[PDB]
Amino acid sequence: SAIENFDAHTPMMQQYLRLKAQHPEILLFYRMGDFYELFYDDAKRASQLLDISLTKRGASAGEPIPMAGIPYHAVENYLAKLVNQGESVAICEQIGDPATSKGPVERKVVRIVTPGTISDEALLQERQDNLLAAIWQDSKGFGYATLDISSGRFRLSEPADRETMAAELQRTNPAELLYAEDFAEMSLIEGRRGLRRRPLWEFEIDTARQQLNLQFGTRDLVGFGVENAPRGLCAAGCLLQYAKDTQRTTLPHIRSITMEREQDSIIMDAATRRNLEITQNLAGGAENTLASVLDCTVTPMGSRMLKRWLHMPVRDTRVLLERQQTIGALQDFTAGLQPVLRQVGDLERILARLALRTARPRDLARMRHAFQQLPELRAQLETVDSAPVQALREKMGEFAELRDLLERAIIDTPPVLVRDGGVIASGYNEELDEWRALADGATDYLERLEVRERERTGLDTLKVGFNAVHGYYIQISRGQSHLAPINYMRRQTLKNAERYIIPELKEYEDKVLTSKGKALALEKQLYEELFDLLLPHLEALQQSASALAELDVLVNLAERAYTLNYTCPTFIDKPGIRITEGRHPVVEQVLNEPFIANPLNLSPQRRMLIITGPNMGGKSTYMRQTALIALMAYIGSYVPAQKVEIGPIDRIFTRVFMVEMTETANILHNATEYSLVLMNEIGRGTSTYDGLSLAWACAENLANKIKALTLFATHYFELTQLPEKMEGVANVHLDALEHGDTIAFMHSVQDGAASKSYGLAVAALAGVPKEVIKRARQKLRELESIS
Amino acid sequence: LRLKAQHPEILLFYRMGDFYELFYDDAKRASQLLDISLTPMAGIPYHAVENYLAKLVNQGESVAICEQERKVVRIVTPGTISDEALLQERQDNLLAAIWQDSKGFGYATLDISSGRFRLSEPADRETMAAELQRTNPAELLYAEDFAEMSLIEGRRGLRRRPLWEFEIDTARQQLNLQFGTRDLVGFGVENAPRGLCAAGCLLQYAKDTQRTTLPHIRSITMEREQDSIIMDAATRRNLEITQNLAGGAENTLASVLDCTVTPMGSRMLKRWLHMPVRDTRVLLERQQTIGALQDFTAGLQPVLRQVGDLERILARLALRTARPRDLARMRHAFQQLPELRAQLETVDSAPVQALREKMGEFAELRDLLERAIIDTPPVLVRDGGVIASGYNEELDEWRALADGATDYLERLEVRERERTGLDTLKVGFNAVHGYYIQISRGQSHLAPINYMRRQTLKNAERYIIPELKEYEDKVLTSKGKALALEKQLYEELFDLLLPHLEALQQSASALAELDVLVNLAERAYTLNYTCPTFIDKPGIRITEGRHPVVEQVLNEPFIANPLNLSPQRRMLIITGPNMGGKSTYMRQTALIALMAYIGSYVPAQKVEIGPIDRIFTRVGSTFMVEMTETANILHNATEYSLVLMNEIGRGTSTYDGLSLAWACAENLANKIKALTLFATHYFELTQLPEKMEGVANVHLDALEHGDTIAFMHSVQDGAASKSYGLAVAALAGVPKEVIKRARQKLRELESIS
DNA sequence: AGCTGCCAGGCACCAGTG
DNA sequence: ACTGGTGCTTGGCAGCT
Ligand SMILES: Nc1ncnc2c1ncn2[C@@H]1O[C@H](COP(=O)(O)OP(=O)(O)O)[C@@H](O)[C@H]1O
């Protein structure tokens, strides 16, 4: 309706609309003195989201402007509300001085708070990573980049197909996801939280390289091993531009980037991560997962590292051997190291706020406290004989000098904010504790002026006091007020009292507030100056936090191994899995009855097992424990068995309609002889035998061509004939015994096909009427007479 | 501390500042329930406390409120709230009590707002389980010696009660007292002891939560098994009646049938959907109404909408908690009745005219509320400005006095301003100082000497003078007497309205049902439904039937299908692809039966249908679950049952599964004789019709064209003669060579039989 | 311990007097 | 153009009880 041309707007709205256009789709907090305000649809939304009153800002020429707002000092509680809902918010501040500005004071968006770029402790989860990610798709593949803005961890990868792209998204589970406007495979990302559509130009390869190299201080990206990963570079370039625009400061903690090559780790598809319940159970909870058993780390950063390891098993033999050695060597040390490591806390995220220059007084306080743990940690670790632990000990560093700085600079228990001062300890700066000496030391004066004037006037109600609004005063009761000296200058009247000012008290008032201002400005400048002193050491600090997190992980793994009775696995050259008395690491902890340990023997000659046995026999658990044991071995952990020898695993596949078949094909197209394939219940055709026929042909392809290590749980008794027909296939089964009426589930794996199929017995157990089980048994004997 | 001891299993909201606060386990729990920070301590903003009580009670938590020294002044329990803010408009909220004899079960539910009070005596566990699912109580009372804890243990709002709260003699005495009856014969529950024990407990608990008479609870009804189509939880969930498999409400039967215009209508329609009645007399009557009201829905619905949730408004009347906009909405509802009475006048239908009469008019009550209350009264009566001028002479007098006093002060402002020549001069008001004369700081030194200064502001001075305080008393005493008067006249409205509560409850009930029937009429017109007919023996004959939801939700053409079931053609074996077409065909059969049996029109060109005692589905250890559901069908289905089964036998060996499907089919066809759609992949089962009377084959087929396959949804006679797994494997990308081997294997496996 | 309402500091608005 | 009063969010807290 109203024509909103430039000249139709007040200078305020011209300024505002100009800043708002700079972020058309996200809420804009617009600083107006003591309030952050919103206008138009921002006001309406904010009013709905934050439960604040929708009001109006009058207009002489035009429509009234919808309006909402909150006091500047309350902004964090509200940012919490918004980012907790996936909402970005641009934060706009007053840069200019109102007193020296004819028009509206200069304003700027200084920061944009988005779900994947938060670094404030209030807004994060301690034991969970919170990543920003960018995704890109061209004609022949995907590019993908993640950034942990709190740690600087910057990763790049190029999933070759849709299936690995999906798996990658599920693993990294970004809180915010930037995607190019021309992204075609939307089914992969639509309905993820934190979606952000971006213009194609943010993905341009040349700017990506220019910007990254600028960020890293490099001439090219060769040394980062990403110089030839253009798909990935396009996503990384977009991600980095987003990070810079949201923070609008230097990001010195983002100092390198690393490519995630497929050969470096065990690739797990979407269904495997979920079926193994690694960090999430099948109902979306965190209870009864692999992490819930293994993660007894003591620092938040360690908890997160462990979870990353578990989702990303490494295939580097030397790394694994080194972690294994570390776990052995530290086992008798865990009790003493853990209480100390605990006191280090989340050094990694504190350092993020250091690099971002947003660190608050308690952040530095906690940084100090961590530094104070280092010598003790150094002392405990000197004794331990193993190279890797000494490597970590060196990397942990010591920062006695920085520790001393923080001990001299900041009081024992600082306030939350530096905004009001009382953060910089006395003795640190001669000028400061001398402004305080004024602003504060002369508060004795008020007390004595009171008794002096009270005795001099003889008015016993006389009190000296202070009021933010009216300033310092001498107060007399209304009853006595007619008796006051005539050079008492009335300052403030109340119902039952009069308040006055005299020249002496007025001078003190200017003295106090001038020097109070001095102290606080100078204190803020000293606090900022601590950033200048700490920052030069950022790189060694991050190394330290990294060392400390890895120590937390390895120490915890040593304690788990001991307490849960785990063994060190050994690595063989050829594909294979030899397990003696293996257990399911989660199920054995959950069950309140004994877990039946089981063997496994897989080799290039015995590479596929057809697993039979009843429903509830333990086929699924057996297949899962196999993959968990492999996974654990490949993060350097000890494993829940009496002994394990394991060859290399390139990838773990899981398959347990169009969807079954499409997943099956994916195995058939991508599995290799180094793959572990776990399969169940495949073969749901439309008739009696079409499904089973596909299962048979798919198995044959896995046994004869692909040659993957394959555990194939099935109830199709026809498939127990496979070993007869093709090389590399053998039968095993989960033992069960029938005692008259019932069926006993032994949970023990035995060579050979099951003696029989127990569909009828399991049906009976479920309660199917006995007359019907009886007629079914009669039908079964007919079918079995074909043999 | 000590106040928490009074109520141990109830969260304590502790009044402390501008907030309430919970500590320890209460802070722990509250934080994980309300997405709120845990410092142990947690806080709630006073302005939005009701927004939190609603969330906590929705999750089954009672909340105790400890105001100001201090004591528990308010308690809300999930099953006994009646405030609008705490309820959801279109969902019933029930209190239930559950009891187990060394004989059978006892169950009772109460809608505390409508007063709808139901009793039943489920005979076995499954039936009791079904009852819980259907009724989904927000709060559930149970005896301490309750044996079948597995029925209830997972539920929200569990309330463990002493066994003595479940005694027959005191339950009777209490129930009789409540109803003002000598015995319960007139309610048809006099000899339903187990039911009565449950109702006894429930009613005591509800009385205890309110500490008020509950006059709107004047009746109780027994639910007998032969009265409705029984559905177990799986069947209920599988039919996505009001809840879809996801847990939501989109793409459900209600989501398509429910375009009612009042919240009470929506809630009542939903009860109907979950309780199909077997009494054709009621159905015929509902059908006739839907037919007679077809042409009228257009004019009726805008009017019915204005009636609103008169049902929950009347609860607040009965509990004496009704607020002014509650009375104005009742007024508004009253103002619709003559128009509704006039529209329904010509409708030649005895059920419609019964509704018209039972709807009433209350012209005297309408007129009262028009004279008593202003057009749009404030939310609370607390601050007055509720009672309309002209209603009470005395009231008008106190307001006129208050008004002359305030006019004088307005004129005082003017007189004092002109007289002093200070253009900032104003008269104002606040609590601390009452009436005052304000002058800006810059002018305050020109204040006239008679001005007594009382309050300095940053940029203004405030003064009093005798004249100001004189008319202050005038304003305040009159305005005081007027406010006290409003409150009495307001209470008096409850006294004049309450005697008509019974009639008023019948009226909101009539109005609710009209919303439902009129809506079903519009539905039947808009979605091209037809009126089913009822036959005496089991049978289901459908001409061109469709699935009520699929046809609306999916923007593809829906393919309609016949069905012919009778005692001579009791079971259909259904082969061919199951890519949704078999399941849909089976579910639409159930849904059509359900709709017929709530009196709705149904989506077909013609439906004749016999009596149905129960509808079972087994569609969509998995095998262990499927067999457990199969078992329940085989133990409980009769020849009046509709049994729908998909592909049992999956999840075990070919031969065990076939043997089980075969034996199950035989038992259904020959022993039970239920009307059964038996969907299967077993081609071997298509041999049943030769060996067995009353069984026949039908199948779905597909068509292969272009670079795809079109899965037809047309049900045709005979067994399927193709399988499609290989065609699917190929579309899905399974390598050509692999499918070729599968083809050879397939022929080899099939040709043996 | 309340409960009421001023104030915070931006900018625009408006009515009077140039 | 000046002058000097008004208004608008929410949270802290003085100034009354
Ligand atoms: N090795 C074992 N020892 C003891 N109990 C087991 C073992 N393996 C499985 N179970 C238990 O038996 C149940 C059936 O196991 P599952 O693997 O689901 O059976 P299947 O997949 O063969 O039907 C599981 O709930 C599990 O708790």
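In what follows, every heavy atom counts, from backbone to side chain, and hydrogens, waters and symmetry copies are set aside. Residue numbers start from 1 in every chain, and the chains themselves are labelled A, B, ... in the order their sequence lines are given, proteins ahead of strands.
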Exercise. Inspect the six-membered rings of C:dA15 and C:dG16 and say whether their centres lie under 5.5 Å apart and their planes under 30° apart.
Key: yes
Quiz item: When we call it a touch if two heavy atoms are under 4.0 Å apart, what does B:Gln68 touch: a base, just sugar-phosphate, or nothing?
Solution: sugar-phosphate
Practice problem: Strictly below 4.0 Å, heavy-atom distances to any atom of DNA chain C: list the hits from residues 463-484 of chain B, or just say none. | Solution: none
Quiz item: Where each pair must be Watson-Crick or G-U wobble with both distances under 3.5 Å, what dot-bracket representation of DNA chain C is obtained, with crossing pairs in [ ] and other-strand partners as |?
Solution: ||||||||.|||||||..
Quiz item: So which of residues 66-102 of chain A are in contact with DNA chain D, with a heavy-atom cut-off of under 4.0 Å?
Solution: A:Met67, A:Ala68, A:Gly69, A:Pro71, A:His73, A:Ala74, A:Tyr78
Quiz prompt | Nearest-angstrom distance, P atom, C:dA12 to D:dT10 | solution = 22 Å
Quiz item: Using the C1'-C2'-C3'-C4' torsion, which pucker class fits C:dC6: north or south?
Solution: south
Self-check item: From D:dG15, C:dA12, D:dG5, nucleotide with atom closest to A:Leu494 side chain
Solution: D:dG15
Quiz prompt | Salt bridge A:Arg360-A:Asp363, side-chain N to carboxylate O under 4.0 Å | solution = no
All N/O donor-acceptor pairs, side-chain side in residues 427-437 of chain B, below 3.5 Å, sequence neighbours left out:
residue  : atom : partner  : partner atom : Å
B:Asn430 : OD1  : B:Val432 : N            : 2.9
B:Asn430 : OD1  : B:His433 : N            : 2.8
B:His433 : NE2  : B:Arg454 : O            : 3.2
B:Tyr436 : OH   : B:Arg462 : NH2          : 3.1

Practice problem: Just call it for A:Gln492: base, sugar-phosphate, or nothing, with non-hydrogen atoms closer than 4.0 Å on any strand. | Solution: sugar-phosphate
Exercise. Can you figure out which of D:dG15, C:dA12, D:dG5 approaches the side chain of B:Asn459 most closely?
Key: D:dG5
Self-check item: For DNA chain D, the residues among residues 465-481 of chain A that have a non-hydrogen atom under 4.0 Å from it
Solution: A:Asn467
Quiz item: What do you reckon, is NZ of A:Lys518 surrounded by more than 12 foreign heavy atoms closer than 6.0 Å?
Solution: no
Quiz prompt | Selection from C:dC6, C:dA12, C:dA8 that lies nearest to any side-chain heavy atom of B:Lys458 | solution = C:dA8
Self-check item: Heavy-atom pair with the smallest gap, counting every atom of B:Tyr463 and B:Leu468
Solution: O-CD2, 4.1 Å
Quiz prompt | side chain to side chain donor-acceptor pair (under 3.5 Å) between A:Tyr488 and A:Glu453, worked out | solution = CA-CA 11 Å; A:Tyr488 270 28; A:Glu453 285 299 282; 2.8 Å; yes
Exercise. Would you kindly check if the NZ (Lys) or CZ (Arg) of B:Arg15 is within the cone defined by 45 degrees around the ring axis of B:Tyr20 and under 6.0 Å from the six-membered ring centre?
Key: yes
Practice problem: May I ask you to check whether A:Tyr72 and A:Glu93 show a side-chain donor-acceptor distance below 3.5 Å? | Solution: no
Quiz item: Which residues within residues 31-61 of chain A lie with some heavy atom under 4.0 Å of an atom in DNA chain D?
Solution: A:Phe35, A:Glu37, A:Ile52, A:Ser53, A:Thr55, A:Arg57
Quiz item: Can you tell me if the sugar in C:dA15 is north or south, using the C1'-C2'-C3'-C4' torsion?
Solution: south
Quiz item: Quick one: which of D:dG15, C:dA1, C:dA12 gets closest to the side chain of B:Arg70?
Solution: C:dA1
Exercise. Taking all heavy atoms of A:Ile70 and all of A:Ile52, pick out the closest pair and write down the distance.
Key: CG2-CD1, 3.8 Å
Quiz item: Which sugar class, north or south, is indicated for C:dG5 by the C1'-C2'-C3'-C4' dihedral?
Solution: south
Quiz item: Expressed in whole Å, how much space separates the P atoms belonging to D:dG11 and C:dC11?
Solution: 23 Å
Self-check item: Furanose pucker, D:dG12, classified by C1'-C2'-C3'-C4'
Solution: south
Quiz prompt | Nucleotide C:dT4, atom P - distance to CG of B:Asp383 in whole Å | solution = 10 Å
Quiz prompt | For D:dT6, the sugar region implied by its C1'-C2'-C3'-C4' torsion sign | solution = north
Exercise. Kindly assign one of parallel, tilted or perpendicular to the pair A:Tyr30 and A:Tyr16, based on the angle between their ring planes and the thresholds 30° and 60°.
Key: perpendicular
Exercise. Would you kindly give the CE-to-P distance between A:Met12 and C:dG10, to the nearest whole Å?
Key: 13 Å
